[PDB]
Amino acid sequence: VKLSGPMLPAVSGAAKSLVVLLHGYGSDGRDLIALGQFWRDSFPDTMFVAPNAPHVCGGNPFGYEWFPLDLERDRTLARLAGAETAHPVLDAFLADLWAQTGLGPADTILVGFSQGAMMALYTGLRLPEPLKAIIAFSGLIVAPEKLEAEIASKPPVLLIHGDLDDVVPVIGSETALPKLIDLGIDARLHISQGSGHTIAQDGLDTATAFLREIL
């Protein structure tokens, strides 16, 4: 199924790079394209696109989900199952975008929040040529045991997480850091002290700085 969602064309009229923003459970692309609005002033040759996830969110009918979740449970198993169902849809979206813009994985940064960060890492690391970068806010690695076997490229990864997160506990990103480093990825971690399941100002600043290094 084709995804769509809001997009912001490059300020300069001809994109040379692409940032794909992936929302979290119960959110939508309109929410995430605000990050794009924030950054576009700084990165005038960059196009920003924020697809809506493929299904209506079970818990919030006004938003979307990459995959379904069960409540009052540790959500480990829902993630495992769901990341593989969502993967082909996100992968095909990326192909469609590259067809429409004449760009490719090397010109592209996948940025996600929460469930979207989980997808960014799952789909991003399976692409056969490397992205420019992955930025994962408040996620984790779904099926880390499968990753050694299935990892297809090693873009640099920035993991950003609030330490008081009681939705996706910070150990998600703290365990991910050594795992990706063990796999050959240039991974970095930034912990937003005192923040929960959100993008803190300090997290956003860290990400902007990283974007400045690579764009």
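One rule holds for the numbers: they count along the sequence shown, beginning at 1.
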{"property": "Stretch with the higher entry mean CA B-factor, where the candidates are 112-120 and 73-81", "result": "73-81"}
{"property": "Per the entry, higher mean C-alpha B factor between 59-67 and 31-39", "result": "31-39"}
{"property": "Out of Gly162, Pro178, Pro155, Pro51, residue topping the C-alpha B-factor column of the entry", "result": "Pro178"}
{"property": "Most elevated Cα B-factor in the entry, residues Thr198, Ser12, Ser192, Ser17", "result": "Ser12"}
{"property": "CA B-factor placement of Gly102, once the chain's modelled residues are sorted into thirds", "result": "highest"}
{"property": "Chain third (lowest, middle, highest) by recorded CA B-factor, residue given as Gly139", "result": "lowest"}
{"property": "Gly26 CA temperature factor, ranked by third within the chain", "result": "lowest"}
{"property": "B-factor third for the C-alpha atom of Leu90 within its chain", "result": "middle"}
